[PDB]
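# pasting an experimental structure, sequence included:
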6 protein chains.
Amino acid sequence: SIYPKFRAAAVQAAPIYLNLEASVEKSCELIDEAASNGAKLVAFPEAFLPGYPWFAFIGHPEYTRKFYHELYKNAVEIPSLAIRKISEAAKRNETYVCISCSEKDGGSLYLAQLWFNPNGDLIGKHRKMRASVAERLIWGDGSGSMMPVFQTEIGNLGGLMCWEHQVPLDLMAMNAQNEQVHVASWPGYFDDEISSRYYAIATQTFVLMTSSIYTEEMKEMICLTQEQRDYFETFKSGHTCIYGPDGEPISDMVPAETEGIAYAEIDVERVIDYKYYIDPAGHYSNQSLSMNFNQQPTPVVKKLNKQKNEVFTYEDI
Amino acid sequence: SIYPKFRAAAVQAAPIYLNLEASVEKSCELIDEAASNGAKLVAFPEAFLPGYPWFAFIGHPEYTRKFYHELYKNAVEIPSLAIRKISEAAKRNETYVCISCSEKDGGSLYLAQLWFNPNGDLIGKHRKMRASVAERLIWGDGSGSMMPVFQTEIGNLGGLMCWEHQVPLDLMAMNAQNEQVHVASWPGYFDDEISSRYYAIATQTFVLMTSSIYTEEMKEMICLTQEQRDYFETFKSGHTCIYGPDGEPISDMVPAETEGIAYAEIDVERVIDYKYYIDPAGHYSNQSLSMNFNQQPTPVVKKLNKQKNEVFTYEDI
Amino acid sequence: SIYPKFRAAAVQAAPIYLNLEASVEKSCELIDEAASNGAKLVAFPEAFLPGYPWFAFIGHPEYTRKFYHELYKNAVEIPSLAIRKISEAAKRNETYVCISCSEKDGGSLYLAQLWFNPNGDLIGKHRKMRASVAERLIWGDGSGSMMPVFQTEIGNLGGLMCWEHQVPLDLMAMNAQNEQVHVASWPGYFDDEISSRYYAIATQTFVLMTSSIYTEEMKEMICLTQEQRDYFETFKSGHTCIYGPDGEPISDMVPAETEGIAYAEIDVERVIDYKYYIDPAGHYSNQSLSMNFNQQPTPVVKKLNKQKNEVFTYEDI
Amino acid sequence: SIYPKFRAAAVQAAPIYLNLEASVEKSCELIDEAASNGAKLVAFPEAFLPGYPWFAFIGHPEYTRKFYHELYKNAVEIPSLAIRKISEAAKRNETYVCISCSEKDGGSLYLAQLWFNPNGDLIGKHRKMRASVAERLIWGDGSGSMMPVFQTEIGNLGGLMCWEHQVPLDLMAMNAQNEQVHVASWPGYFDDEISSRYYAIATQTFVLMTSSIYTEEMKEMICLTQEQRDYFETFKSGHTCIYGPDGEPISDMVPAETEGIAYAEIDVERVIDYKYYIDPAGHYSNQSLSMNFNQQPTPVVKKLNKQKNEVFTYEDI
Amino acid sequence: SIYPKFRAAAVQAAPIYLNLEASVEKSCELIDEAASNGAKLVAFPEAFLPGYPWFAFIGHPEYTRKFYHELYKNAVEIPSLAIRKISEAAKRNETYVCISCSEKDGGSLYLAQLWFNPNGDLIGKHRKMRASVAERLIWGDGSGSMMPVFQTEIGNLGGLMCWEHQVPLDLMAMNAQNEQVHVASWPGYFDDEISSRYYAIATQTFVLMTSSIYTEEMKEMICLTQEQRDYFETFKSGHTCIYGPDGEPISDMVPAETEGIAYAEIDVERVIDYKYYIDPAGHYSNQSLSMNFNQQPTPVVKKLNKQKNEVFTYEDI
Amino acid sequence: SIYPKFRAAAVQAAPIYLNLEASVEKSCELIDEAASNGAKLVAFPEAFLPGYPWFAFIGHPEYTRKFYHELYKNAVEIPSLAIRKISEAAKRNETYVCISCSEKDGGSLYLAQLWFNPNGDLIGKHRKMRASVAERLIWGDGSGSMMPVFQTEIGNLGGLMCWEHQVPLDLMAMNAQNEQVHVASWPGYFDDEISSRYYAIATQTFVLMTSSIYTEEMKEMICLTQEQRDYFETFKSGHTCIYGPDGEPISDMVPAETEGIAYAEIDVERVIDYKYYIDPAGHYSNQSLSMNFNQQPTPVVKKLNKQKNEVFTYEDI
């Protein structure tokens, strides 16, 4: 029950497309750059580590099958070198970090947000509940047991990705847990300055809207024909900004498609002035409408009492 | 998280019926033959070392009692000479070996697959979970603690025996462990082309399908009367082949009852193109259907704090 | 517990693409044709009534957004004239009917199999558990409450669609309810001879595999350019046949893409001989592996105690 | 805690082979025969209703496959007319009845003992925990949740079938529930005196040992050849007697293969004199040896929240 | 895994009552008798060496206190002359010997079975797990550390005393260790042919049943009053016989309660023919019922790091 | 950590021998008598409810057989009318009660101390750890999980029975739990004054010593002969008294073999003056000597997941 005051940073950038190793070091450089200015929280746009699958939108599924190979080879398993590097970066600069990636758990990929701690440990993970229009060909669905809210030294943190903001049930689920600071991860194509502002208004929290940008090498490796190139050249871009609990901006929007970072002074004490008006899960409720939030871990196959098997060594035999 | 390339061998042959030592030397010779051609994985047909109990299918239980004696005297206990011979064979040719036998563990027999490692150590064992129609008179059942998948230098290996392929729960248990190369041990009497191809399709794996053959010297001791002989003369044969992740053959099927070996170049990186379509334990899942894989060791009688007792020697007294 | 003998027909045909009104009358004529030869059970290939969304495979999502308009307009709602006419046809010929169609319930489309009694009543419905690679764009997912198996005058009927045969948990769910006759619905593109035969072997049932075909009028509207026409020309067709409990054909496979119907004589008494060997949900089970089948109805929003409100008419006011 | 005194009847008889309908009326008239002499508890030999499958012991499994058809057709599903008739008979004569039958649940057969109250209700069921030898071809296995002991007006009742008396863990499971009267169901082929006498001595209970007999009409159909006839003619018969808590007979044993009934005056007060000496699950125990008894129900597929579904009748459409 | 063939001797005799030094002479005199006939295994009755405490059954606890004096002073300390004389008797005749005695360890008496190798070394010991009825006033209890099964050159040997055969958990502990030849020590009073015969079939072992006899000189010291003399004259005598794995005697038992020895040709390989039928700890097991066997040594006071302390001799001081 | 002051009562009385119903009402009237004088804790002598088995000491086991019947029929099961009456008595007077009885659990009797709360609830139970010389024919042993010390409004309470005071490990186990008030249950025959005072001195507690008395009606049914009558006439009686933390009496001892109650004012503040001197489980300890207290529940058979099975009523069938 604390109301801290800190400095936040929302990073707008693009990775080295479908190259995990280079993206990790670029992310570490960005973390160091943002922390050097005094940020206590750093957020990254979306699917930042391997890269967002734009190929899934400009070709038929059999064409997407070619690049699914490269995306699969560059995924981020939870015990991995990429996570070790990002943990080192988070601890070195003593900042919370929220970086999203194409996690793989078994034989399938998922889109996850990995949360780190000034101590450098992975405090949680959030999987996307449903994939968007063409993301359904790439990532699987999540579960209700992976929508955490972390009580930390900088308030109750949380986040959502892309069109998770247009589903009122997720808004209610996050409001139930008393979120105070929100990280909104977006790609560049979709319209994001209306969902994030409304989320800030309705849930009464600061929102760090982060968006990605398009590089030339991405287009070179993605677009094969001229029709694909001229179709992909018409994709718009998303903006990066920080919003207050009332929905008005509190920072300076990153000016254009160029790389940049937006800083703001977040005073969690200010959300109280707006909890006075509307609280959807509190005083501003009706007994007729309710919600069920089942959050049991529900993997397809549950394994119990797994023990370690012995090996009869060559000397033993 | 590796996707190697290697050469696989699927051995088709028949043992010296109900004679352990002759079968063991034959197995070693076959392993050397397969290795001399460059194979990195050698798979053996079924119940190979003593021989498959065909007597149980062509006579009443009191007739099968006569041959249960000979089968029992030729069983393979885990510490034994046969296992050390196979270990030497595996280490000498630096190949993985998957050979099945009628394991003896205590008072009765079990059918097990033994997995050997290029260093010559028995990396694991797998017991059949349920004996087929007439095999219920010979072997006991296995457990869930003995369905391992080995993460090795040539991918994630595994296997099942005979009609374990027609139990969907075993398919789910194996798929939940992310298996990539599968060994399908079959005898000669059952139809095995549909089950193996479907398994390859539905688990996205390379399936080494191995089957045994009949010998006249076997019929000399198995069949006693002319009715038994003419009944056993109608048993169909089993084929040997290697299938790709899509179920289509990638090798040359062994032509006929003739003893032989089938070779293929297995590239584990080709399963990624098919995880894109279907993944039963991953993205292709529904929250309403689930599974419980309880894999605790469940022997009939657990012994704790096993101790070695003292002996008062004749000199001592 | 009855074991009837009856004649069944498997229909291979294609509709008037994306035209519900013509497709319904076409299906009625096909039902009359099948019933005039003595068939007591008529099955239909897949997504028959409006047609299968082939456009989703040969173009990027923005190209599919246009054809989604026409597909949505021609969808089937349960209280509609399509069901009216199909029920009339079923009662007229006193036969069971299994027709698949793109049902719509609310603002979203689903793919369902509709079952009609000889009296003409819609005895049940079954939504596809999860769409395949490219149909994720078009249809939503079903739930466990919609996997019925119907006890009828001709056995225990049931059915699945397309790749629901490659999900072992679906096989177990259907088997646990003691199915006897299975209707497999396929489109032409995918390989279906292995999945259906394996399903027949594993579940010990008669499988009526039905597959659609490509019309020349469909390519007129689906293919807009030459790079799409040449690609769509390479889509292979599917086969239609009826299989016995052992996976061996019991009818004459429809010879080619030409529209036709396959007839077979089904003797449900024959499944008992093959329940003697294997019963995955019965005696051929293990206690370490078990399945959970939660069949609670789970819509997103549950509406309770709804009533018919009153409206004050003009004369009243 | 009550120690009643009553009269018991142990029945020696054989059914009309594989003729469930006639066997049921035979068993009913036998219940009236036993009750008209004052018997308060009636027990039947084993697998009485359809008939014990002797065909599995005198031929190869491909020959048992034929008679499995007839056995399957005559199996007893719990909601059946056979149970209706047996309940009517039990209520009519106000006696406890213990009848064994080849129960069928789904697609598989099981061997069960059905217990009926004097009120006519089915108080419990007990499935055999493991089939013996050739029985494994016919029946599945039970579980731990189906080993009940019933507190009744005539003491604590219970029972086991055939070789369940040679498994010490079954003895311990029954002893831990404080059984007082035991019904031992036996076929005629095995040696039953020693096992039942030892069970009576070790568990300190009265044992009603019932055994079946061979009819000529059974051999006229089971033995197809002369070798099988001469082989089956050598099967020894089983005895029928009632034993005391000390293993000494307390009734005149049924003399020979002739059908008959054995009567005894059971006085459950007498077991106290022998609980004085030994009580394996009580004062005669050691802390180093222990037993684990898991009584959870373990069906292969668990179904939750089953709800009856609606059908849109013809008039509605 | 060896299956030898040898001759076994089951000795029936009575000791010189409560005279340890005189019974040890008789024991050796009887080992020579059996060995000179070709016996390779000699078994003796219960509490043979000092004598069995019959006084505990025919008088109140204060009358028994007088005779506990004589029994206590004739107990067998493990390092003692009684064991030295029996140790050299085994090596002199090169036979295995199993002799029961009233061991004393510390300040209390225990009932133990001592096993001697053909080389004369005490290979193991087995304490009774629980005294029977009146024996509770004389002997303490054993533990799980004292239930050994010896792998020898004549099979796997084991033993139990008196009512340890009626405790089903004791049967499972020995069966868990794969015993093949059993020695059943009984005194005269109890009924033994029923528990020992069942143990043969329930465990598939040859059983050497040895029993004691009543002497006239035993009744002189035991029976004081005439009321005791007539009561002690109604004690039924035991029997000595050897049973096969079938449960049927293989030797002509001793003619009566005189002194004699029974011989048999034990062939261990034929226990295989009965492991085919039933194996409680192996293939004939159900996962619901299991047992725990904690075989840690559990003395009341555990001592560690016992050392040697010096004595300062009169010369040193 | 409270140190209350209250009044305690130690009861000397005898029950109506082997008659539970009369003994219970006698106990209730004694509790009322004690409470009417202000007593806040009432303790009862030994095995009170059915009566102590004196027959075991004056006759051989076959004579004790007869009276074991009457003892068994009068045993106190935990859900019984005797416990209901005792709880009613305890709540009606609002006093703590400690009563010993021959509990039965299953087919075996146990000797237990039952503890009741001023609210009338059975707060705990304590089975005797080991039965005395002739009590071994009657009662079984307890375990380590049934040695509780209850933290109450009148201090920490506990108790032991008879020769459990001569076992130093019991003293240490009670000391480790910080007992403050102790109830020593004794029968008449043994010597009790020396052990109770030593327990008080060694554990620094107030000891309520209670003992029984021989009645004339008991000898009529116990002593069947004159040799038994004159022998039983020599048994010496016990003493009832209350001792301080130093073994010095703090109350007037009940004079002779007469029913009576001893009253004392107990001030638990006085144990502090004696924890100053010695505390065996505390500051007065040595690292060389240690004790293990394994207090897991160890019933012979453990039952898991017990559930209530359904019954099909007559109407349903």
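Everything's here; your move. Numbers count the residues shown, from 1 in each chain, chains lettered A, B, ... in the order given.
# burial of whichever residue of the stretch 101-250 of chain A sits closest to chain E, as a residue count?
Residue of the stretch 101-250 of chain A nearest chain E, by CB to the nearest CB: residue A:106 (27.9 Å). Yep, even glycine has a C-beta here, placed from its N, CA and C like the rest. Residue neighbour count, defined by other CB atoms under 10 Å in any protein chain shown, stands at 20 for residue A:106.
# so which strand or helix has it?
Residue A:106 belongs to no helix or strand when assigned by DSSP states H and E.
# contact partners for it?
Listed by CB atoms under 8 Å, 6 or more residues apart in numbering or on different chains, the contact set of residue A:106 reads B:176, B:178, B:279, B:281, B:282.
# what's the closest of those residues to chain A?
Within the contacts of residue A:106, the smallest distance to chain A is 2.9 Å, found for residue B:282 (CB to the nearest CB).
# how about the closest one, secondary structure?
coil (DSSP: H, G, I helix; E, B strand; the rest coil).
# pull the contacting residues for it.
Contacts of residue B:282 by CB under 8 Å, 6+ apart are A:105, A:106, A:107, A:108, A:140, A:300, B:275.
# ok, how many other residues are close to the last one?
Burial measure for residue B:275: 22 neighbouring residues, criterion other CB under 10 Å.
# doesn't residue B:205 make contact with it?
No: look at residue B:275 against residue B:205 with CB atoms under 8 Å: they stay out of range, at 10.7 Å.
# give me the element the residue in the stretch 101-250 of chain A that chain F sits nearest to is part of.
Residue nearest to chain F within the stretch 101-250 of chain A (CB to the nearest CB): residue A:145, separated by 25.1 Å. If you go by DSSP H and E, residue A:145 is not part of any helix or strand.
# next, it: phi, psi?
Backbone torsions of residue A:145, given as degrees, to the nearest 10, read phi -90, psi 10.
# helix/strand/coil for the residue of the stretch 51-200 of chain A found nearest chain C?
Proximity of the stretch 51-200 of chain A to chain C (CB to the nearest CB) peaks at residue A:136, 4.0 Å away. With three-state DSSP as the basis, residue A:136 sits in helix.
# for residue A:165, same thing?
Going by three-state DSSP, the secondary structure assigned to residue A:165 is helix.
# residue A:120 against residue A:88, yeah?
Yes: judged on CB under 8 Å, residue A:120 makes contact with residue A:88 at a distance of 6.9 Å.
# tally of neighbours for the nearest residue to residue A:301 once chain neighbours are set aside?
Excluding the flanking residues, the one nearest residue A:301 by CB to CB, 6 or more residues apart in numbering or on different chains is residue B:176, at 3.8 Å. Residue B:176 is flanked by 21 other residues according to other CB under 10 Å.
# how far away is residue B:176 from residue B:286?
Distance, residue B:176 to residue B:286, by CB to CB, to the nearest Å: 15 Å.
# what ranges do the strands span in the stretch 151-300 of chain A?
Counting by DSSP state E, counting those that start in this stretch, the stretch 151-300 of chain A has strands at residues A:155-161, A:181-185, A:206-210, A:241-243, A:260-267.
# how about these in TSV, adding mean neighbour count?
Listed next are the strands of the stretch 151-300 of chain A as TSV, based on neighbours: other CB atoms under 10 Å in any protein chain shown:
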stretch	mean neighbour count
strand A:155-161	24
strand A:181-185	27
strand A:206-210	29
strand A:241-243	25
strand A:260-267	18
